[PDB]
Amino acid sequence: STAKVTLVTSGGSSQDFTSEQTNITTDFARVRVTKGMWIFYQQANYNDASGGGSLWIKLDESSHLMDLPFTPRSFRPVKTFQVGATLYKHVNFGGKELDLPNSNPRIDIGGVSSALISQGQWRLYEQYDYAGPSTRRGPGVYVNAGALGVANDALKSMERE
C-alpha cells in the first residue's frame, strides 16, 4: 500500500484503510496516518453538500494515535503525495478531485477551488493549453483559489516546469 491510515472507534475497535472512503458506516474517534497524507471530512462525499464549508482536517504521517476533531463521514488519501499536485472542486479540499502527476492542458472538474501541491514547480493558467497569463506555484497547501493566484473556478491548465 502506498497510503495507509489506522482509525479507532471510541469503543476501541480499529481498522486500517489504504484507499478513499466516500462513506463510512463506523464512527471513528482516533487516527494515526502511517503512510502518506490523508484528508478527513465531516460530510460524506468529501464535503460536497457544503461545498467544502463543513469541517475538515488534513493529516500527515504520525507515530501515535490521537483524537480526531469530529467524526468523519468520508476520508481519502492525497495520491500525489511525493509525485505532483491534486486539484479539488471545493475550497478546503472538498468535492471532486483530480490528480496531476504532470502537466494537464485541460482541467474540467466543475471549477477548481483548492489544491495541494506536493512536488514540482507549476504554472497555472485560466485558459486551456497554457494560453494567457500564468502564475507560478510550488509545493504548498492552497485552501482557496486566491491562494493559487487564480480566480475561483477559473483554473483551466497547469504546466509542470
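Start at 1 with the first residue shown and count on from there.
K.L.:
Got a sec? Mean C-alpha B-factor, which is higher, 103 to 111 or 30 to 38?
P.N.:
Higher mean C-alpha B-factor in the PDB entry: 103 to 111.
K.L.:
Among the choices 98, 57, 65, 116, identify the one whose CA B-factor in the record is greatest.
P.N.:
The C-alpha B-factor peaks, among 98, 57, 65, 116, at 65.
K.L.:
Split into thirds by Cα B-factor across the chain's modelled residues, where does residue 21 land: lowest, middle or highest?
P.N.:
According to the entry, residue 21 has a C-alpha B-factor in the chain's lowest third.
K.L.:
Of the three thirds of its chain by CA temperature factor, lowest, middle or highest, which one includes residue 158?
P.N.:
Middle third, going by the recorded CA B-factors of the chain.
K.L.:
Can you tell me whether residue 9 has a C-alpha B-factor in the lowest, middle or highest third compared with the other modelled residues of the same chain?
P.N.:
Middle third.
K.L.:
Taking only the Cα B-factors deposited for this chain, tell me whether residue 82 sits in the lowest, middle or highest third.
P.N.:
Within its chain, residue 82 is a highest-third residue by C-alpha B-factor, going by the deposited values.
K.L.:
In terms of the chain's CA B-factor thirds, is residue 43 lowest, middle or highest?
P.N.:
Residue 43: CA B-factor falls in the lowest third of its chain.
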